[PDB]
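> Before I ask anything, let me first share the structure, which is written out below as structure tokens.
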Amino acid sequence: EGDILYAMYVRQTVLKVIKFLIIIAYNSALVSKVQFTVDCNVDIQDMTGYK
Amino acid sequence: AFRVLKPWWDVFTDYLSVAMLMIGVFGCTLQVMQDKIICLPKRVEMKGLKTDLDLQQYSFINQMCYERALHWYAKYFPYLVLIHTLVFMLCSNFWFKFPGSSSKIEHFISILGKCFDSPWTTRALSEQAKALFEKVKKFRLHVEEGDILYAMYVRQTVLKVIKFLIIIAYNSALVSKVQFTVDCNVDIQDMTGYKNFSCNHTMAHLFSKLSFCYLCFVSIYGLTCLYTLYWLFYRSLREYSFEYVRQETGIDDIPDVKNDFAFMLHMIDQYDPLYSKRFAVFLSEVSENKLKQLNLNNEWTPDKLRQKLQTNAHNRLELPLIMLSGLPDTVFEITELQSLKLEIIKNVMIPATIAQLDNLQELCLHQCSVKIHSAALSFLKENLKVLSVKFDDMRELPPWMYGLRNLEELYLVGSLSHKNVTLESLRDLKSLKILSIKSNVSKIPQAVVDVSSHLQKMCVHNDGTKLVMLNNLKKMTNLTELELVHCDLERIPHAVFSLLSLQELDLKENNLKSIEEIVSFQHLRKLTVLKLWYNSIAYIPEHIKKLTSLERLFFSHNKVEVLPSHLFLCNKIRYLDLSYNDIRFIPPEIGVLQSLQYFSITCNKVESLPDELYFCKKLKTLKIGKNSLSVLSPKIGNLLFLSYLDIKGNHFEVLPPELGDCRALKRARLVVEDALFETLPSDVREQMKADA
């Protein structure tokens, strides 16, 4: 008289699939974002004299 | 005890509390480790901007602006979160950490686990749980008077809700307060030469992000409470009605539960739907009755019942029952018993298994409230012949006994008047032949008139109640034997004169003084037996000579001093009871009583015995008893048929050897003094005791 456990397992599997899909989708684009070197221009002039 | 008390929302709240505690500890660790404020003076090809300030001044400025500019909530956020999480954990765990309700919780857990563990629950649905029913009822009586635990839990939930509301309300505004960069203008000029400073601390952005996620957790936490709060205020968990166990298992017991009990039942059902079903069984009283029945079946075996089988008073195989809680089924296995005896056995139900006991005709009941089955009642109607019932306050009297047509003899031991006797009509008793009543009947009930068409023997022996109304006794035409013991009439009633079929008459303890009604007894020519026990009779009327049918005479324990000669005119009398009277001399006319076989004058003042007394050669029972006889006549040797002699308590000096002529009288039937027996010759005493 159960069968709810099967639905629970299906929901868990679906959640895992969705999480993996989102992970791949955004990590693929975000990995290329990072760089070793970087440049920053902030209003540190008149604070340290450089920007 | 530690696991079955957690509903799903409670588990989620516990997990959220653990996560928030971890967040607070992590925040405190990072605040101790890396939370440092860096400050610089604010207002000033681009070259360097040396401030010619030493490290000590830098540290001083960092401390100063950290105390000044940085927001108090921003600095206290880790400790704040830690404190809130600790308070939530404390208010969650105080439910079980409070011993006053913890004792009740532990007792409930133990009893529920034990009841679920018992396989007898499943057996009843389809051993030592019998004593566990006592703990079950103890708990149900003790803890239904509580409901304070429900209020405690409600207060804890309310406190959690209020804390969550306050947390959201102030954190929502306070989160936006924090900033990564900051400015402070303190009076450090003329101390460090600067006033305006721009500063920042590392954790800010991270803290911001962290705080955001923290808020989300709290939000869910609050939502959880709401659901529970709604579940607290939508179902009204103070009362729980099963309405399913009763419908399925078909048990009308276990009606409802109190506030505390319904609360705990709801909590367990939400934790597990089947634990409540398994635990509800021991609340049932019918289940307790059946478990006691099983325990009795284990206790009782047919061997024990057959051991207790014996012979009753009225020559039947009887199984006396003296203290039982019901009817063991093994009793129905033993059909050889003809009588059954019950003593002080309440709440008895007789099933159709009584039909197994075919050879049953007598039943004895002593203070037993018993009900029958339809098949049981029919079997009793068609098979029983004798019935004995003892009841004290009429509550043990089964009404269906008035419907037994084939009953022949009935015995009643219990007051009926408590004036009229509380007796139902005896119409269905179509075969009643002998009736015995031990009650306080003052006027004869009409019910007996409904049975007189075939009634032959009616006995009423009251404990002193006067039979004031004798109207119905005249209706006992078919009555052949009548006994009225202690009916306190003080005279011979006129009703007995209306019974021509009477044969034996008893008037024990009727205190008769004037017995001049013997002439009325002349209308009865079948009066073979007449009894006058325990009366104040001092004179024997001459009319007693006219009772031709007299065969037995009883006058023991009366005021008779001088017995008339004409008393011996009834030559057909075989039993003559004259003991415990004031008799001093026996008239010689007793010699004409040749048919006499019994004579007892014990505890009288008899001083001499006439020789004609020895002429009654048919005398087989001579009870002289304690009298004033000083010598024994040799003529006693003539009574070759004499079987019993009782002369103890007299003034005898030497017993004549003629006592050896009594063949039927032995030493066992000889009641004499030791010296009197020893005065006999050796041959006589040897022949009396043995065959030499």
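Cβ sites come from the backbone with ideal geometry, for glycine too, and all protein chains shown count toward neighbours. Bear in mind these aren't lab numbers, they're just calculated from the coordinates by the rules spelled out.
> Fewest to most neighbouring Cβ within 10 Å: what's the order for B:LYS50, B:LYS513? Write down the numbers at each step before the final one.
Numbers: B:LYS50 8, B:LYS513 14.
Going from sparsest to densest Cβ surroundings: B:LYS50, B:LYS513.
> Counting only Cα atoms, I'd like the Rg/Rh figure for chain A, Kirkwood definition for Rh. Intermediate values should be presented prior to the final figure.
Details: Rg = 23.5 Å, Rh = 15.5 Å.
When Rh is taken as the Kirkwood radius, the ratio is 1.52.
> Given just the C-alpha atoms of the stretch B:203-310, how large is their convex hull per residue in cubic angstrom?
On the way: hull volume 19.0 nm³, N = 108.
Spread over its residues, the Cα hull of the stretch B:203-310 gives 176 Å³ apiece.
> A follow-up question, please. Mind listing the phi-derived Karplus ³J(HN,Hα) values for the stretch B:108-115, rounded to whole Hz, using 6.51, -1.76 and 1.60 with θ = phi - 60°, and x for any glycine or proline?
These are the phi-based 3J(HN,Hα) values: 5, 4, 4, 5, 5, x, 5, 5 Hz.
> Starting from the Cα gyration tensor of the stretch B:69-193, take the square roots of the eigenvalues, sort them a ≥ b ≥ c, and report rounded, prolate or oblate (rounded when a/c is under 1.5, otherwise prolate if a/b is larger than b/c, else oblate). Mind showing how you got there, number by number?
Numbers: a/c = 4.57, a/b = 4.32, b/c = 1.06.
Prolate, since a/c reaches 1.5 and a/b exceeds b/c.
> Same structure again: What ranking of B:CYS364, B:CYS213, B:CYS459, A:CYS40 emerges when the number of other C-beta atoms within 10 Å of each C-beta is taken as an exposure proxy, fewest first?
Final ranking by Cβ density, sparse to dense: A:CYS40, B:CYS213, B:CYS459, B:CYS364.
> Rounded to two decimal places and with Rh computed the Kirkwood way over Cα pairs, what is Rg over Rh for the stretch B:265-401?
Working: Rg = 18.8 Å, Rh = 16.7 Å.
For the stretch B:265-401, the value is 1.12.
> Can you list residues from other chains, or at least 5 along the same chain, whose modelled amide H is less than 5 Å from the amide H of B:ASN510?
So B:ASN510 has HN proximity to B:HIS486.
> Something else now. Per q in 0.13, 0.15, 0.21 1/Å, what log10 I(q)/I(0) does a Debye calculation on the alpha-carbon atoms of the stretch B:486-574 return?
Normalising to I(0) and taking log10 leaves -0.37, -0.50, -1.06.
> If you don't mind, another one. Please label the shape of the stretch B:289-332 as rounded, prolate or oblate, based on the square roots a ≥ b ≥ c of the eigenvalues of the alpha-carbon gyration tensor (a/c under 1.5 means rounded; beyond that, a/b larger than b/c means prolate, else oblate). Let's see the in-between values first.
Values: a/c = 3.14, a/b = 2.22, b/c = 1.42.
Cα axes put the stretch B:289-332 in the prolate bin.
> Roughly how many nanometres apart are two label points built 7 Å out from the Cα toward the Cβ at B:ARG155 and B:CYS603?
In this crude label model, B:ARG155 to B:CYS603 measures out at 8.0 nm.
> When the expected Rg is taken as 2.2 N^0.38 Å, what fraction or multiple of it is the alpha-carbon Rg of the stretch B:431-498? Numbers along the way, then the final one.
Numbers: Rg = 11.0 Å, N = 68, 2.2 N^0.38 = 10.9 Å.
Output field value: 1.00.
> So, one more: Based on the alpha-carbon gyration tensor of the stretch B:411-561, what equivalent-ellipsoid semi-axes (square roots of 5 times the eigenvalues) come out, in whole Å, largest first?
Numbers: eigenvalues 135, 65, 28 Å².
Sorted largest first and rounded, they come to 26, 18, 12 Å.
> One-quarter of the Cα convex hull surface for the stretch B:106-165, in nm²?
Details: hull surface 23.7 nm².
Mean shadow area of the hull around the Cα atoms is 5.9 nm².
> Here is a further query. Translational diffusion coefficient of the stretch B:368-455 at 25 °C, 0.890 mPa s, Stokes-Einstein with Kirkwood Rh over Cα pairs, in µm²/s as a whole number. Could you put the intermediate results ahead of the total?
Details: Rh = 13.3 Å.
Approximately 184 µm²/s, per Stokes-Einstein.
> Could I ask something else about it? Hey, what do the phi angles of the stretch B:580-590 turn into as Karplus ³J(HN,Hα) couplings, whole Hz, using 6.51/-1.76/1.60 and θ = phi - 60°, x for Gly and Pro?
Rounded to whole hertz, the list is 6, 10, 9, 6, 10, 10, 9, x, x, 4, 4.
> Tell me which residues come under 5 Å, amide H to amide H, from B:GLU343 once H is placed; ignore anything under 5 positions away on its chain.
HN-HN under 5 Å from B:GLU343: B:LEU321, B:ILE322, B:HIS366.
> Okay, moving on. As an exercise, find the ratio Rg/Rh for chain B from alpha-carbon atoms, using the Kirkwood inverse-distance average for Rh.
Values: Rg = 51.0 Å, Rh = 36.1 Å.
Radius of gyration relative to Kirkwood radius: 1.42.
> Moving on to the next point. Answer with one residue from B:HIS461, B:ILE167, B:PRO541: the one whose Cα lies farthest towards the positive end of the charge dipole of the protein assembly as shown, charges on Cβ with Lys, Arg +1 and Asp, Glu -1.
In the protein assembly as shown, that residue is B:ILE167.
> With θ set to phi - 60° and the Karplus curve 6.51 cos²θ - 1.76 cosθ + 1.60, what are the ³J(HN,Hα) couplings of the stretch B:476-485 in order, to the nearest whole Hz, using x for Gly and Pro?
8, 5, 6, 5, 10, 10, 9, 10, 10, 9
> Evaluate peptide A:42-48: per residue, the Cβ atoms of other protein chains within 10 Å of its Cβ; return the mean as an integer. The partial results should precede the final answer.
On the way: counts 1, 2, 3, 3, 6, 8, 7.
Across A:42-48, the average partner-chain Cβ count within 10 Å equals 4.
> Further question on the same structure: P(r) of the stretch B:497-629 in 5 Å steps, Cα pairs, percent per bin?
2, 11, 20, 27, 22, 12, 5, 1, 0
> Here is a further query. Rank the residues B:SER374, B:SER439, B:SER520, B:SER452 as a footprinting-exposure proxy: fewest other Cβ atoms within 10 Å of their Cβ go first.
Values: B:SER374 9, B:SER439 22, B:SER520 14, B:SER452 19.
Ascending Cβ contact count within 10 Å gives the list B:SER374, B:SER520, B:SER452, B:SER439.
> Please give the direction-averaged projected area of the C-alpha convex hull for the stretch B:1-90, in square nanometres with one decimal. Intermediate results must be reported in sequence, preceding the final value.
Values: hull surface 39.6 nm².
If you wrap the Cα atoms of the stretch B:1-90 in a convex hull and average its projections, you get 9.9 nm².
> Largest first and in whole Å, give the semi-axes of the stretch B:358-415's equivalent ellipsoid, each being the square root of 5 times a Cα gyration tensor eigenvalue.
Numbers: eigenvalues 70, 32, 17 Å².
Each semi-axis is √(5λ); the values are 19, 13, 9 Å.
> Please give the calculated 222 nm ellipticity per residue for chain B, where each DSSP H segment of at least 4 residues contributes -39500 (n - 2.57) and the sum is spread over every residue; nearest 500 deg cm²/dmol? Show your work: numbers first, answer last.
On the way: 17 runs with 240 residues, N = 692.
The helix-only estimate for chain B comes to -11000 deg cm²/dmol at 222 nm.
> While we're on this one: Give me the orientation-averaged projected area of the Cα convex hull of the stretch B:144-207, in nm², one decimal.
Orientation-averaged projected area of the Cα hull: 7.8 nm².
> How long are the three semi-axes of the equivalent ellipsoid for the stretch B:308-372, computed from the Cα gyration tensor as the root of 5 times each eigenvalue, in whole Å, largest first?
Numbers: eigenvalues 59, 42, 19 Å².
After diagonalising the Cα gyration tensor, the semi-axes are 17, 15, 10 Å.
> Quick query: amide H of B:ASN650 versus all other amide H atoms, modeled in the peptide plane; which residues come in under 5 Å with a sequence gap of 5 or more or a different chain?
It is B:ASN627, by chain and number.
> Normalised by the empirical 2.2 N^0.38 Å for globular proteins, what value does the Cα Rg of the stretch B:543-692 take?
Working: Rg = 15.2 Å, N = 150, 2.2 N^0.38 = 14.8 Å.
Rg over 2.2 N^0.38 Å, computed on Cα atoms: 1.03.
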